[PDB]
$ cat final04.csv   # CSV, C-alpha atoms
chain,number,residue,atom,x,y,z
A,982,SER,CA,130.4,139.6,114.7
A,983,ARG,CA,127.5,137.2,115.4
A,984,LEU,CA,125.7,138.4,118.6
A,985,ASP,CA,123.8,141.7,119.1
A,986,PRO,CA,125.1,144.0,121.8
A,987,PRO,CA,122.3,143.3,124.3
A,988,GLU,CA,123.3,139.6,124.4
A,989,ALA,CA,126.9,139.9,123.2
A,990,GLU,CA,127.6,142.0,126.3
A,991,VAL,CA,127.0,139.1,128.7
A,992,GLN,CA,129.4,136.8,126.8
A,993,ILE,CA,131.9,139.6,126.6
A,994,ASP,CA,131.5,140.4,130.3
A,995,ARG,CA,132.2,136.7,131.1
A,996,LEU,CA,135.3,136.8,128.9
A,997,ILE,CA,136.4,140.0,130.5
A,998,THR,CA,136.1,138.5,134.0
A,999,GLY,CA,138.1,135.5,133.1
A,1000,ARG,CA,140.9,137.3,131.3
A,1001,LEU,CA,141.1,140.1,133.9
A,1002,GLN,CA,141.4,137.5,136.7
A,1003,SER,CA,144.0,135.6,134.7
A,1004,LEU,CA,146.0,138.8,134.2
A,1005,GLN,CA,145.8,139.6,137.9
A,1006,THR,CA,147.2,136.1,138.7
A,1007,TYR,CA,150.0,136.7,136.3
A,1008,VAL,CA,150.8,140.1,137.7
A,1009,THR,CA,150.7,138.9,141.3
A,1010,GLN,CA,153.1,136.0,140.5
A,1011,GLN,CA,155.3,138.4,138.7
A,1012,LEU,CA,155.4,140.8,141.7
A,1013,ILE,CA,156.5,137.9,143.9
A,1014,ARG,CA,159.0,136.7,141.4
A,1015,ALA,CA,160.3,140.3,141.1
A,1016,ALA,CA,160.7,140.5,144.8
A,1017,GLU,CA,162.7,137.3,144.8
A,1018,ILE,CA,164.9,138.6,141.9
A,1019,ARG,CA,165.3,141.9,143.7
A,1020,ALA,CA,166.5,140.1,146.9
A,1021,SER,CA,168.9,138.2,144.7
A,1022,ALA,CA,170.1,141.4,143.1
A,1023,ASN,CA,170.6,143.0,146.5
A,1024,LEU,CA,172.6,140.0,147.5
A,1025,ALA,CA,174.7,140.2,144.3
A,1026,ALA,CA,175.4,143.9,144.9
A,1027,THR,CA,176.4,143.1,148.5
A,1028,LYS,CA,178.7,140.3,147.2
A,1029,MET,CA,180.2,142.5,144.5
A,1030,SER,CA,180.9,145.2,147.1
B,1,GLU,CA,106.3,90.8,99.9
B,2,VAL,CA,103.3,92.5,101.5
B,3,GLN,CA,100.3,90.2,101.8
B,4,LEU,CA,96.9,91.0,103.3
B,5,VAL,CA,95.0,87.7,103.2
B,6,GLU,CA,91.4,88.3,104.3
B,7,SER,CA,88.9,85.8,105.7
B,8,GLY,CA,85.9,85.5,108.0
B,9,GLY,CA,83.2,86.7,105.5
B,10,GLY,CA,80.1,84.7,104.9
B,11,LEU,CA,76.3,84.6,105.3
B,12,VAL,CA,74.6,86.3,108.2
B,13,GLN,CA,71.0,87.0,109.0
B,14,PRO,CA,70.0,90.7,109.6
B,15,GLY,CA,70.7,91.8,113.1
B,16,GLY,CA,73.5,89.2,113.6
B,17,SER,CA,77.2,89.5,114.1
B,18,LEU,CA,80.3,88.5,112.2
B,19,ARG,CA,84.0,88.9,112.7
B,20,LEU,CA,86.4,89.4,109.8
B,21,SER,CA,90.2,88.7,109.9
B,22,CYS,CA,93.0,90.3,107.9
B,23,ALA,CA,96.4,88.5,108.4
B,24,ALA,CA,99.6,90.4,107.4
B,25,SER,CA,103.0,89.1,106.4
B,26,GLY,CA,106.1,90.5,104.9
B,27,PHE,CA,106.2,93.9,106.8
B,28,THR,CA,106.1,95.4,110.3
B,29,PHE,CA,102.4,95.0,111.2
B,30,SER,CA,102.7,97.0,114.4
B,31,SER,CA,104.1,100.1,112.7
B,32,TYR,CA,101.4,100.7,110.1
B,33,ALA,CA,97.8,102.0,110.2
B,34,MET,CA,95.0,99.6,109.0
B,35,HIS,CA,91.7,100.4,107.5
B,36,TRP,CA,88.5,98.7,106.4
B,37,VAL,CA,86.7,99.7,103.2
B,38,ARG,CA,83.5,98.1,101.8
B,39,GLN,CA,81.8,98.3,98.4
B,40,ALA,CA,78.1,97.6,97.8
B,41,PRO,CA,77.4,95.2,94.8
B,42,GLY,CA,77.7,97.3,91.7
B,43,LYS,CA,78.1,100.6,93.6
B,44,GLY,CA,81.0,102.8,94.6
B,45,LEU,CA,83.6,102.7,97.3
B,46,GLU,CA,82.7,103.7,100.9
B,47,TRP,CA,85.1,103.9,103.8
B,48,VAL,CA,84.2,101.9,106.9
B,49,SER,CA,86.8,102.4,109.7
B,50,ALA,CA,90.4,102.9,110.6
B,51,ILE,CA,92.7,102.1,113.6
B,52,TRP,CA,96.1,103.8,113.8
B,53,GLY,CA,97.9,101.3,116.0
B,54,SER,CA,96.5,102.4,119.4
B,55,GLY,CA,93.5,100.5,120.8
B,56,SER,CA,91.7,103.8,121.4
B,57,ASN,CA,92.2,105.9,118.3
B,58,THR,CA,89.7,104.2,116.2
B,59,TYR,CA,87.5,106.1,113.7
B,60,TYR,CA,84.5,104.9,111.7
B,61,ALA,CA,82.4,106.2,108.8
B,62,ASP,CA,79.1,108.0,109.6
B,63,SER,CA,77.1,105.1,108.1
B,64,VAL,CA,78.6,102.5,110.6
B,65,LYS,CA,79.2,104.7,113.6
B,66,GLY,CA,78.2,102.7,116.8
B,67,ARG,CA,77.5,99.5,115.0
B,68,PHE,CA,81.0,98.4,113.8
B,69,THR,CA,84.0,97.8,116.1
B,70,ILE,CA,87.6,97.5,114.9
B,71,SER,CA,90.5,95.7,116.7
B,72,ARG,CA,93.9,94.4,115.9
B,73,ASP,CA,96.5,91.8,117.1
B,74,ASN,CA,100.1,91.5,118.0
B,75,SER,CA,102.1,88.2,117.9
B,76,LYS,CA,100.6,86.5,114.8
B,77,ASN,CA,99.8,89.9,113.4
B,78,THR,CA,96.2,90.0,112.2
B,79,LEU,CA,93.4,92.5,112.0
B,80,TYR,CA,89.8,92.1,113.1
B,81,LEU,CA,86.4,93.8,112.4
B,82,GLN,CA,83.4,93.3,114.6
B,83,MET,CA,80.0,93.8,113.0
B,84,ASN,CA,76.8,94.4,115.0
B,85,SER,CA,73.2,95.2,114.1
B,86,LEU,CA,73.5,94.5,110.3
B,87,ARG,CA,70.9,95.7,107.9
B,88,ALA,CA,70.2,94.9,104.2
B,89,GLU,CA,72.1,98.0,103.3
B,90,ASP,CA,75.3,96.6,104.9
B,91,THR,CA,75.8,93.9,102.2
B,92,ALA,CA,79.2,94.7,100.6
B,93,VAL,CA,82.7,93.3,100.0
B,94,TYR,CA,85.0,94.4,102.8
B,95,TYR,CA,88.7,95.1,102.1
B,96,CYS,CA,91.5,95.7,104.6
B,97,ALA,CA,94.1,98.2,103.4
B,98,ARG,CA,97.4,99.6,104.5
B,99,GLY,CA,98.6,103.1,105.4
B,100,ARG,CA,101.6,104.8,106.8
B,101,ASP,CA,100.1,108.2,107.7
B,102,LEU,CA,101.8,107.7,111.0
B,103,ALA,CA,105.2,109.2,109.9
B,104,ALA,CA,105.2,109.2,106.1
B,105,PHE,CA,103.2,112.1,104.7
B,106,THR,CA,103.8,110.9,101.1
B,107,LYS,CA,102.3,107.4,101.0
B,108,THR,CA,99.1,108.6,102.6
B,109,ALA,CA,97.2,106.3,100.2
B,110,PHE,CA,96.3,102.7,100.7
B,111,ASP,CA,99.6,101.0,99.6
B,112,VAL,CA,98.3,97.4,99.1
B,113,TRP,CA,94.5,96.9,99.3
B,114,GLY,CA,93.8,93.3,100.3
B,115,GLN,CA,91.7,91.0,98.1
B,116,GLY,CA,88.5,91.4,100.1
B,117,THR,CA,85.9,89.2,101.7
B,118,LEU,CA,82.2,88.9,100.8
B,119,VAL,CA,79.6,89.5,103.5
B,120,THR,CA,75.9,89.0,102.6
B,121,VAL,CA,73.2,90.2,105.1
B,122,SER,CA,70.2,88.0,104.2
B,123,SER,CA,68.0,85.4,105.8
B,124,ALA,CA,68.1,83.1,102.8
B,125,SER,CA,69.8,79.8,103.3
B,126,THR,CA,72.5,78.1,101.2
B,127,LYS,CA,71.2,76.2,98.3
B,128,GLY,CA,72.7,74.3,95.3
B,129,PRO,CA,72.1,75.2,91.7
B,130,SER,CA,69.6,74.0,89.1
B,131,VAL,CA,70.9,73.9,85.5
B,132,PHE,CA,68.8,74.3,82.3
B,133,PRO,CA,70.0,74.3,78.7
B,134,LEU,CA,69.3,77.1,76.2
B,135,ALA,CA,68.0,75.4,73.0
B,136,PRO,CA,68.2,77.2,69.6
B,137,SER,CA,65.6,77.4,66.8
B,138,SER,CA,66.3,74.7,64.3
B,139,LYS,CA,64.9,76.6,61.3
B,140,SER,CA,67.2,79.6,62.1
B,141,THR,CA,68.5,80.9,58.7
B,142,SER,CA,69.6,84.4,59.9
B,143,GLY,CA,73.2,83.4,59.7
B,144,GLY,CA,75.8,80.7,59.8
B,145,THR,CA,76.2,81.1,63.5
B,146,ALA,CA,73.8,79.7,66.1
B,147,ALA,CA,73.8,80.7,69.8
B,148,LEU,CA,73.8,78.0,72.5
B,149,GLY,CA,74.2,78.1,76.3
B,150,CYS,CA,73.4,76.6,79.7
B,151,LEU,CA,71.4,78.5,82.3
B,152,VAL,CA,72.6,77.9,85.9
B,153,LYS,CA,69.8,78.9,88.3
B,154,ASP,CA,69.3,79.3,92.0
B,155,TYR,CA,72.8,78.9,93.5
B,156,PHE,CA,74.1,80.5,96.6
B,157,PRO,CA,76.9,81.7,97.1
B,158,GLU,CA,79.5,82.6,94.5
B,159,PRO,CA,81.6,81.7,92.5
B,160,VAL,CA,81.2,79.4,89.5
B,161,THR,CA,83.5,78.1,86.7
B,162,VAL,CA,82.5,77.0,83.2
B,163,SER,CA,84.3,74.5,80.9
B,164,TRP,CA,83.3,72.7,77.8
B,165,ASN,CA,83.8,69.1,76.5
B,166,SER,CA,86.5,68.5,79.1
B,167,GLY,CA,88.7,71.1,77.4
B,168,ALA,CA,88.5,69.7,73.9
B,169,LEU,CA,86.1,72.5,72.8
B,170,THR,CA,86.9,76.0,74.1
B,171,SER,CA,86.2,78.2,71.0
B,172,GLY,CA,83.7,81.0,71.6
B,173,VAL,CA,83.0,80.3,75.3
B,174,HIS,CA,81.4,83.4,76.9
B,175,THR,CA,80.5,83.5,80.6
B,176,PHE,CA,78.1,86.3,81.8
B,177,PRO,CA,78.1,87.9,85.2
B,178,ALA,CA,75.5,86.6,87.7
B,179,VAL,CA,72.3,88.5,88.4
B,180,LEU,CA,69.9,88.6,91.3
B,181,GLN,CA,66.2,87.7,90.9
B,182,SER,CA,63.1,88.8,92.8
B,183,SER,CA,63.0,85.3,94.5
B,184,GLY,CA,66.1,86.1,96.5
B,185,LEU,CA,68.3,83.5,94.7
B,186,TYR,CA,71.0,84.3,92.2
B,187,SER,CA,71.0,83.4,88.5
B,188,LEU,CA,73.8,83.0,85.8
B,189,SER,CA,73.9,82.1,82.2
B,190,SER,CA,77.0,80.9,80.2
B,191,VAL,CA,76.7,80.8,76.4
B,192,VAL,CA,78.9,79.7,73.5
B,193,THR,CA,79.0,81.0,69.9
B,194,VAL,CA,79.4,78.2,67.4
B,195,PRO,CA,78.9,77.4,63.7
B,196,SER,CA,75.3,76.4,62.9
B,197,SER,CA,76.3,73.4,60.7
B,198,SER,CA,77.8,71.5,63.7
B,199,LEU,CA,74.6,71.4,65.8
B,200,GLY,CA,73.5,67.9,64.5
B,201,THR,CA,77.0,66.3,64.2
B,202,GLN,CA,79.3,67.5,67.0
B,203,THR,CA,78.1,66.8,70.6
B,204,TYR,CA,78.0,70.0,72.7
B,205,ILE,CA,78.4,69.3,76.4
B,206,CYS,CA,78.6,72.3,78.8
B,207,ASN,CA,80.4,71.8,82.1
B,208,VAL,CA,79.5,73.8,85.2
B,209,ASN,CA,81.5,73.7,88.4
B,210,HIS,CA,80.7,75.4,91.8
B,211,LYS,CA,83.4,75.2,94.4
B,212,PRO,CA,81.3,76.0,97.5
B,213,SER,CA,79.0,73.0,96.6
B,214,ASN,CA,81.4,70.8,94.6
B,215,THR,CA,78.7,70.3,91.9
B,216,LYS,CA,79.6,69.3,88.4
B,217,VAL,CA,77.0,68.9,85.6
B,218,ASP,CA,77.2,67.8,82.0
B,219,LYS,CA,74.3,68.5,79.6
B,220,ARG,CA,74.0,67.9,75.9
B,221,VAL,CA,72.1,70.2,73.5
B,222,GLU,CA,70.1,68.9,70.5
B,223,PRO,CA,68.1,70.9,68.0
B,224,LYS,CA,64.3,70.6,68.2
B,225,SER,CA,62.3,68.8,65.4
C,344,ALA,CA,106.1,123.5,102.3
C,345,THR,CA,102.8,121.8,102.0
C,346,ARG,CA,103.0,118.9,104.6
C,347,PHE,CA,105.6,119.0,107.5
C,348,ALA,CA,106.5,115.8,109.3
C,349,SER,CA,105.0,114.8,112.7
C,350,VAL,CA,107.0,115.8,115.8
C,351,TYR,CA,107.9,112.3,116.8
C,352,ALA,CA,109.5,111.8,113.4
C,353,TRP,CA,110.4,115.3,112.4
C,354,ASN,CA,111.9,116.1,108.9
C,355,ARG,CA,115.5,117.0,108.5
C,356,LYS,CA,116.5,118.8,105.2
C,357,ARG,CA,120.2,119.3,104.6
C,358,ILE,CA,121.2,122.7,103.2
C,359,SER,CA,124.7,123.1,101.6
C,360,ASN,CA,126.4,124.8,98.7
C,361,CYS,CA,124.0,127.7,98.4
C,362,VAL,CA,123.5,131.4,99.3
C,363,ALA,CA,121.1,131.9,102.3
C,364,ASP,CA,119.5,135.3,102.4
C,365,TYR,CA,118.1,135.6,106.0
C,366,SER,CA,117.1,139.3,105.7
C,367,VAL,CA,114.1,138.6,103.5
C,368,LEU,CA,112.9,135.7,105.7
C,369,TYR,CA,113.4,137.7,108.9
C,370,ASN,CA,111.8,140.8,107.4
C,371,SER,CA,108.4,139.2,107.1
C,372,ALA,CA,106.5,139.4,110.4
C,373,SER,CA,104.4,136.4,109.3
C,374,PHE,CA,106.0,134.2,111.9
C,375,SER,CA,104.5,133.8,115.3
C,376,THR,CA,107.8,133.2,117.1
C,377,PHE,CA,111.4,133.8,116.1
C,378,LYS,CA,113.9,132.9,118.9
C,379,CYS,CA,117.5,132.7,117.9
C,380,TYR,CA,120.1,130.9,120.2
C,381,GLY,CA,123.7,131.1,119.4
C,382,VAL,CA,123.6,133.9,116.9
C,383,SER,CA,121.5,137.1,116.7
C,384,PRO,CA,118.7,137.1,114.0
C,385,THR,CA,120.4,140.3,112.6
C,386,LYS,CA,123.8,140.4,110.9
C,387,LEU,CA,123.4,136.7,110.2
C,388,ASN,CA,123.9,137.6,106.5
C,389,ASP,CA,127.6,138.4,107.2
C,390,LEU,CA,128.3,134.8,108.4
C,391,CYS,CA,129.2,131.5,106.8
C,392,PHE,CA,128.6,128.0,107.9

$ encode --input "final04.csv" --output "structure tokens"
Amino acid sequence: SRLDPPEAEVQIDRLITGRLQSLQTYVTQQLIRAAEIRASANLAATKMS
Amino acid sequence: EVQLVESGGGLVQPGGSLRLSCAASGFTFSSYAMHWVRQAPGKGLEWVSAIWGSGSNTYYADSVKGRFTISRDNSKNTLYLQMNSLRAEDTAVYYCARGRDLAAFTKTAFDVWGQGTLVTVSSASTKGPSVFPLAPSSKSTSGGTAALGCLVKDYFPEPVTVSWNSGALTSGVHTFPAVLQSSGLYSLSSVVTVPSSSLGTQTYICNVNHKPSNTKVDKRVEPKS
Amino acid sequence: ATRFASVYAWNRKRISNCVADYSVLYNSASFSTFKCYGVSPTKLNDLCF
């Protein structure tokens, strides 16, 4: 709402880079945590059986 | 209170030199711009010079370019004016003024204007005055008022003061401005308007005082015949 | 304005409680340079300070 596209684009690109890398960090940590929970669920299924 | 006490003026022969001083008190001297302005006797104002704090940004009027040098001082806070190669046209009363053109663009004018110092460029020497009375006509019947006065002649320099009868008679005292003669010496006349009937009864004594020479004279006036 | 302070002691006028139309002043071409940092010279009318 305050910058023209030719210069707003640089600020937006910086914000895009920061939020996309933050999202990638969240997703990677979620993938590892999901693998840990999956191992626990497999152990729980084995214990149940 | 702003105070620009000026000094250093006096009598100089043509082609000589003289330094004027302008002390300052009551304000920040180092943060203001100082000027010199002179006025010929009975003529209009003419700017002389200006120094805006720095010892290199000095500006002078066209009539004094090259001959006059301006300078200032820290510590005691005074202003100086060097005069070289003076001519008869340079006789004037020199004033030092203020100015805050530096930052302020409103008080561009000369806020104070010192009282001024008198500089006379002449080869004549200092001389005390000669005093002569102004006698009336005894058979004057034009009116009930007769005119009397004392003529102070050939004094140099100014100023003079006039009193009468040690202050006991002050009615009708009139002092005239001094004039310059062709002889190079100044002249002045001080007169008093009085009733005519008191010429032969009351004693009229005029008192003239001149501070630069500390001369006091008392003269009595008597009608003729 | 008629005067303008010197650069060592520049003037600072405070503007508040008023409506600032920047489209008229921008649409003049009388200016030798007009560089805006922060916000674009355009659309500045839809902003508040």

$ interface_residues --input "final04.csv" --of "chain C" --to "chain B" --cutoff "9 Å" --atoms "all atoms listed in the file" --output "ChimeraX atom specification"
/C:346-349,351-353

$ interface_residues --input "final04.csv" --of "chain A" --to "chain C" --cutoff "9 Å" --atoms "all atoms listed in the file" --output "PyMOL selection string"
chain A and resi 982-985+988-989

$ atom_distance --input "final04.csv" --atom1 "atom CA of residue C:345" --atom2 "atom CA of residue B:113"
26.4 Å

$ atom_distance --input "final04.csv" --atom1 "atom CA of residue B:173" --atom2 "atom CA of residue B:42"
24.2 Å

$ residues_around --input "final04.csv" --residues "residue B:33" --least-positions-apart "2" --cutoff "10 Å" --atoms "all atoms listed in the file" --output "number ranges by chain"
B: 29-31, 35, 50-54, 97-102, 110

$ write_last_selection --input "final04.csv" --atoms "C-alpha atoms" --output "PDB file, in the frame of the given file"
ATOM      1  CA  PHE B  29     102.400  95.000 111.200  1.00  0.00           C
ATOM      2  CA  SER B  30     102.700  97.000 114.400  1.00  0.00           C
ATOM      3  CA  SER B  31     104.100 100.100 112.700  1.00  0.00           C
ATOM      4  CA  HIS B  35      91.700 100.400 107.500  1.00  0.00           C
ATOM      5  CA  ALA B  50      90.400 102.900 110.600  1.00  0.00           C
ATOM      6  CA  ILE B  51      92.700 102.100 113.600  1.00  0.00           C
ATOM      7  CA  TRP B  52      96.100 103.800 113.800  1.00  0.00           C
ATOM      8  CA  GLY B  53      97.900 101.300 116.000  1.00  0.00           C
ATOM      9  CA  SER B  54      96.500 102.400 119.400  1.00  0.00           C
ATOM     10  CA  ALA B  97      94.100  98.200 103.400  1.00  0.00           C
ATOM     11  CA  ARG B  98      97.400  99.600 104.500  1.00  0.00           C
ATOM     12  CA  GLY B  99      98.600 103.100 105.400  1.00  0.00           C
ATOM     13  CA  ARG B 100     101.600 104.800 106.800  1.00  0.00           C
ATOM     14  CA  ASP B 101     100.100 108.200 107.700  1.00  0.00           C
ATOM     15  CA  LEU B 102     101.800 107.700 111.000  1.00  0.00           C
ATOM     16  CA  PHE B 110      96.300 102.700 100.700  1.00  0.00           C
TER      17      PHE B 110
END

$ decode --input "final04.csv" --residues "stretch 359-373 of chain C" --atoms "N, CA, C and O atoms" --output "tab-separated table (two decimals), in the first residue's frame"
chain	number	residue	atom	x	y	z
C	359	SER	N	0.92	18.91	11.49
C	359	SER	CA	0.00	18.00	12.17
C	359	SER	C	-1.41	18.54	12.02
C	359	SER	O	-1.62	19.72	11.71
C	360	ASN	N	-2.39	17.66	12.25
C	360	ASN	CA	-3.81	18.01	12.25
C	360	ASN	C	-4.23	18.76	10.99
C	360	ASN	O	-4.84	19.83	11.05
C	361	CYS	N	-3.90	18.19	9.84
C	361	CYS	CA	-4.25	18.82	8.57
C	361	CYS	C	-4.31	17.76	7.47
C	361	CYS	O	-3.86	16.63	7.65
C	362	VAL	N	-4.89	18.16	6.34
C	362	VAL	CA	-5.03	17.29	5.18
C	362	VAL	C	-3.93	17.67	4.19
C	362	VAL	O	-3.86	18.81	3.73
C	363	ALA	N	-3.09	16.70	3.87
C	363	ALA	CA	-1.93	16.90	3.00
C	363	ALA	C	-2.20	16.30	1.63
C	363	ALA	O	-2.20	15.08	1.47
C	364	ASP	N	-2.43	17.16	0.64
C	364	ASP	CA	-2.61	16.73	-0.75
C	364	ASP	C	-1.25	16.73	-1.44
C	364	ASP	O	-0.72	17.78	-1.79
C	365	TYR	N	-0.70	15.53	-1.66
C	365	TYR	CA	0.59	15.41	-2.33
C	365	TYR	C	0.46	15.22	-3.83
C	365	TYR	O	1.48	15.20	-4.52
C	366	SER	N	-0.76	15.07	-4.37
C	366	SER	CA	-0.87	14.89	-5.81
C	366	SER	C	-0.66	16.20	-6.54
C	366	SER	O	-0.06	16.21	-7.63
C	367	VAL	N	-1.12	17.30	-5.96
C	367	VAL	CA	-0.94	18.61	-6.58
C	367	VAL	C	0.53	19.00	-6.58
C	367	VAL	O	1.08	19.46	-7.59
C	368	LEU	N	1.20	18.81	-5.44
C	368	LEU	CA	2.61	19.16	-5.32
C	368	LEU	C	3.49	18.24	-6.17
C	368	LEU	O	4.49	18.69	-6.73
C	369	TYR	N	3.15	16.95	-6.25
C	369	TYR	CA	3.94	16.07	-7.10
C	369	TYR	C	3.72	16.38	-8.58
C	369	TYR	O	4.67	16.38	-9.37
C	370	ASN	N	2.47	16.63	-8.96
C	370	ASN	CA	2.10	16.99	-10.33
C	370	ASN	C	2.47	18.43	-10.66
C	370	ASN	O	1.61	19.22	-11.04
C	371	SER	N	3.74	18.78	-10.53
C	371	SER	CA	4.13	20.15	-10.84
C	371	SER	C	5.28	20.25	-11.82
C	371	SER	O	5.31	21.18	-12.64
C	372	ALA	N	6.24	19.33	-11.75
C	372	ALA	CA	7.44	19.26	-12.59
C	372	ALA	C	8.39	20.43	-12.34
C	372	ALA	O	9.47	20.47	-12.93
C	373	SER	N	8.01	21.38	-11.49
C	373	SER	CA	8.84	22.55	-11.22
C	373	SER	C	10.06	22.22	-10.37
C	373	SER	O	10.97	23.04	-10.26
